[PDB]
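Reminder, nothing fancy here: chain letters follow the sequence lines and each chain counts from 1.
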2 protein chains.
Amino acid sequence: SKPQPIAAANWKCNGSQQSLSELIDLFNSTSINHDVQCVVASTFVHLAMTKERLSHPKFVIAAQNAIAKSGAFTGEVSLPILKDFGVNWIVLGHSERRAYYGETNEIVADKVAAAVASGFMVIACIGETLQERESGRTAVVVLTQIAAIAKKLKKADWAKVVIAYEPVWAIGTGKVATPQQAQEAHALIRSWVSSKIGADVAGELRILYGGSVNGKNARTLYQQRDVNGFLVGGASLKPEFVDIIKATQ
Amino acid sequence: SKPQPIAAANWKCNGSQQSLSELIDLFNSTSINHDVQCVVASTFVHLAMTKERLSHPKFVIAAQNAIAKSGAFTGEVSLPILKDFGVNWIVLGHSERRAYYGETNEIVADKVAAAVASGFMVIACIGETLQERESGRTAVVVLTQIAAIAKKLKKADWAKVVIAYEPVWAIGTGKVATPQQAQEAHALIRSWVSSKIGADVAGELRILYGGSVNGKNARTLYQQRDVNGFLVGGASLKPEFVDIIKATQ
């Protein structure tokens, strides 16, 4: 049987007070007649309002990044500061951070072990670029990514971890993977996990698909055996996100 | 004569709601009789609290970094997002961003130019490292850093810019910076402005000292001709900051 899904909204670097408040109203309004954990990842600035206005029993708030410790890191936000703030969910190793903000496999691994140590629920992002995929190198990349993370966690840690599989080619291009491409990537991951960590662990593990998920394609995606939920980008700024969540029935 | 001074508190990646609440109150009780602009640069996460609680007519809020546009930039915070939330001050190009976060002269320059466009008041940070000083490249480095910024701006835009000189060569290195040395870097920056941009602008320009400042040497540092105030690190988290503000009289 499938583990408890997740429907995660990554708002990225977007929104205004008014637009967001609107959205939040809508979600609080929604009747979620199934066991699904919904996560709202707002900008750092929006965390207070979000934490103030979000009322739904099925939603939690999350941060989009963090550094490990407090210190002489102008412009950054640490885990201790998020936690004193009452945030306990975090998104780490997003492909945008990887692509743009110099985050290496090692760096993501360090961030994830840290977060796990401070007691946060982590959504850890992994995935291959157009390039890699075209080169028939998807398995090596994905595996190398998860392996790096795994290297620093304790079997026990696994309970706090959520995997997000986000095909770099699939971001902001309209190009969603097929349910067969997603299922195969997802089964590859879980197989590493069962063999490497334990079936037990493999079995409780949430693997979220990311990359052009929309109102339309999510039901079919969800149907795949190794798909446990979604990390949504642009459609999370829309009423459609409601449609996405429902698809997790 | 000197233009209006600025006393900027750079909290970096520090703070708990309690500890900051406690510091904000002290600030609030502070008696400041002269014409000084005080700036409080919190983490993005503390902006809301800060904004609500800080009531002193002489204090404004600032951000510690931003990206130019809203978009698919997970974990980052943009100018429009900050504008909407009512922050109109920002610190850009901090030594730490330059060192660990890949901010080149060109990136910093882009950030400044966009912030300016958006009507923000900008504290733009420049400074040479131990090796550049030692290698005799102080002038070259410094002047390249300001020029990079100047090229994207119009003369009228200057009204919105504050320069922060950080003697990076003296931070964490074991070296000691003297008022005289501080003055020499400030004189160099002003001269370039005076010359390239104009004397009028140069005369109005605020140049802040971004080195190590405590209650103890602030007065001395302020004694210097071309020192217009401070961008404060560690001491800004302390009651001692009130002594630094006083030092600008």
Side-chain angles (χ1 to χ4, degrees), chain A residues 10-20 41-52 63-87 90-103 125 166 171-172 231 233-234 237, chain B residues 10-20 41-52 63-87 90-103 111 125 166 171-172 231 233-234:
Chain A
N10 176 14
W11 288 340
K12 307 183 181 183
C13 187
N14 283 299
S16 58
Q17 305 181 79
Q18 194 277 339
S19 76
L20 308 174
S42 68
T43 78
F44 292 121
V45 173
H46 306 133
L47 294 163
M49 188 240 50
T50 301
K51 155 215 278 316
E52 157 189 62
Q64 295 172 22
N65 186 47
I67 65 184
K69 4 135 230 288
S70 293
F73 312 112
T74 300
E76 290 311 289
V77 169
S78 73
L79 295 168
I81 279 172
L82 285 175
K83 177 171 208 208
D84 167 85
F85 208 72
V87 170
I90 196 147
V91 180
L92 292 177
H94 192 274
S95 50
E96 293 146 7
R97 311 228 36 107
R98 292 179 184 265
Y100 319 140
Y101 313 107
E103 312 186 352
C125 305
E166 70 173 327
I171 305 176
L231 178 65
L237 289 167
Chain B
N10 176 18
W11 292 343
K12 305 190 181 171
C13 197
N14 289 301
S16 70
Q17 295 169 96
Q18 235 27 79
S19 73
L20 312 165
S42 72
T43 65
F44 289 127
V45 168
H46 300 139
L47 297 163
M49 154 186 8
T50 309
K51 131 163 193 241
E52 231 151 79
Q64 295 177 27
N65 186 29
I67 68 179
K69 334 268 229 69
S70 306
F73 309 103
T74 294
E76 298 297 301
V77 169
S78 73
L79 292 177
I81 284 173
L82 292 163
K83 203 187 196 164
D84 180 74
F85 199 74
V87 159
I90 185 167
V91 181
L92 289 168
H94 200 263
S95 62
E96 290 144 24
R97 301 213 52 88
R98 306 192 180 238
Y100 309 148
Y101 309 108
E103 301 206 346
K111 299 175 172 197
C125 311
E166 302 185 65
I171 294 134
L231 176 58

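Options A:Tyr100, A:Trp11, A:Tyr101 differ in how many heavy-atom pairs under 4.5 Å they form with chain B, and the most are formed by A:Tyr101. Here B:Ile81 is the residue among B:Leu82, B:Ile81, B:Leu47 with the most heavy-atom pairs under 4.5 Å with chain A. The candidate with the highest count of non-hydrogen atom pairs below 4.5 Å against chain A, out of B:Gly233, B:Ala48, B:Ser16, B:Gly234, is B:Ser16. Top candidate by heavy-atom pairs under 4.5 Å with chain A, chosen from B:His46, B:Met49, B:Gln17, is B:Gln17. With respect to chain B, the highest number of heavy-atom pairs below 4.5 Å among A:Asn10, A:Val45, A:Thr43 belongs to A:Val45.
Of the two parts of B:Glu96, only the side chain, counted from C-beta on, holds a non-hydrogen atom closer than 4.5 Å to a non-hydrogen atom of chain A. Neither the backbone nor the side chain of A:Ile171 comes within less than 4.5 Å of any heavy atom of chain B. Contact of B:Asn14 with chain A is made through backbone and side chain together, with heavy-atom distances under 4.5 Å. Heavy atoms of A:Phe85 lying under 4.5 Å from chain B belong to its backbone as well as its side chain.
Chain B is approached within less than 4.5 Å, heavy atom to heavy atom, by A:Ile67, A:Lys69, A:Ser70, A:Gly71, A:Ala72, A:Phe73 from residues 66-73 of chain A, ordered by number.
Between B:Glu76 and A:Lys12 there is no salt bridge, since none of the side-chain N atoms of the basic residue sits less than 4.0 Å from a carboxylate O of the acidic one.
In terms of heavy atoms, B:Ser78 sits closest to A:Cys13 at N-SG, 3.4 Å.
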Next on the checklist: Quick one, B:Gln18 with A:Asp84, criterion side chain to side chain contact (heavy atoms under 4.5 Å, CB included). Give me CA distance, side-chain angles, the key distance, then yes/no.
Outcome noted: CA-CA 9 Å; B:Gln18 235 27 79; A:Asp84 167 85; 5.9 Å; no
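Note that the CZ atom of B:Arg97 and the OG1 atom of A:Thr74 stand 8.0 Å from one another [nearest 0.5 Å].
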